[PDB]
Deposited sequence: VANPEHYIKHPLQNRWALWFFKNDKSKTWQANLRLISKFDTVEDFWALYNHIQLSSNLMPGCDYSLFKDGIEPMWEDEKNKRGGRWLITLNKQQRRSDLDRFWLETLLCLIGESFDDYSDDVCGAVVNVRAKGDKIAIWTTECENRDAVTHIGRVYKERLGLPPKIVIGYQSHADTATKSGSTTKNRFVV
């Protein structure tokens, strides 16, 4: 059995791609790439697609649990928010790809203990003004879950204890930090 069975992930995940096109609405620019629910199928997808650092400005990748669309309006995001990593322009070269892969692994390896159920997904925005990576969680009022996810995340990325990252609610974004670690 251990010799021929793929390793199932705790969740099935969906990878989404966004390309900025001014002809279309934001939602129409968002497309589902594919889904996977094993370790082997994750790496097959990851090894097939461009590194975030090679995407043209204006594109996003989003990895979300199957059934959760990567948008504020989803029932599992509308009360939620995001831990935000803001990258300067030089970090496109040094940190963007390594941080994004670490983020993908935090998701699929369920690295937030009994709070991994609060995780909805993650998003990388490739932007000329400065890239962004974020982990999206389901309820911005859940102080224990949000602060635990942020503390674990900051350490898995290896950010110096000097650096401060913020958590913002999607309701505020759509219309400040709620937490910092």
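Q: Which deposited-sequence positions, grouped into ranges, are missing C-alpha coordinates?
A: Model skips 1-3, 179-184 of the deposited chain.
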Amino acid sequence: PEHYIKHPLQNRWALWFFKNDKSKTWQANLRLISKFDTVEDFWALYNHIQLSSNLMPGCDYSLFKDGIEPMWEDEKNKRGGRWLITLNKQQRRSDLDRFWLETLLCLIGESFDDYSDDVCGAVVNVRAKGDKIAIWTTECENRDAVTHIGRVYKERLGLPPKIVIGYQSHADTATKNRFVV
From here on, numbers count along this sequence of modelled residues.
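What we label the rigid core is the largest C-alpha set whose atoms superpose within 1.5 Å from one form to the other.
Q: Find the stretch among 104-112 and 91-99 with the larger RMS C-alpha deviation in 8 other deposited structures of this protein, all structures being superposed on the shown form by the rigid core.
A: Of 104-112 and 91-99, the stretch deviating more in 8 other deposited structures of this protein is 91-99.
Q: Report the stretch with the higher root mean square CA deviation, pooled over structures and residues in 8 other deposited structures of this protein, choosing between 58-66 and 24-32 after a rigid core fit.
A: If we average over structures and residues in 8 other deposited structures of this protein, the farther stretch is 24-32.
Q: Do the CA atoms of 99-107 or those of 82-90 have the higher mean B-factor in the entry?
A: Averaging CA B-factors over each stretch, the winner is 82-90.
Q: Between 165-173 and 11-19, name whichever shows the higher mean Cα B factor according to the PDB entry.
A: Higher mean C-alpha B-factor in the PDB entry: 165-173.
Q: Would you mind checking which of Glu69, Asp60, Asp131, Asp144 has the top Cα temperature factor in the PDB entry?
A: Result of the comparison over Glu69, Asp60, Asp131, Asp144: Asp144.
Q: Among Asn29, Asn47, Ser116, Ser52, which carries the highest Cα B-factor?
A: The C-alpha B-factor peaks, among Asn29, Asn47, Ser116, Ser52, at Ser116.
Q: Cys120: which third of its chain by C-alpha temperature factor?
A: CA B-factor rank for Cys120: lowest third.
Q: Going by the entry, which third of its chain does the Cα temperature factor of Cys140 land in?
A: Ranked within chain, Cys140 CA B lands in the highest tercile.
Q: Among the modelled residues of its chain, does the C-alpha B-factor of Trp43 lie in the lowest, middle or highest third?
A: Its C-alpha B-factor, which the entry lists for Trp43, ranks in the lowest third among residues of this chain.
Q: Within this chain, which third does the Cα B-factor at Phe64 fall in: lowest, middle or highest?
A: It belongs to the lowest third of the chain when residues are ordered by C-alpha B-factor.
Q: Would you mind ranking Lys154 by its C-alpha B-factor against the rest of the chain and naming the third, lowest, middle or highest?
A: For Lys154, whose C-alpha B-factor we compare with every modelled residue in the chain, the answer is the middle third.
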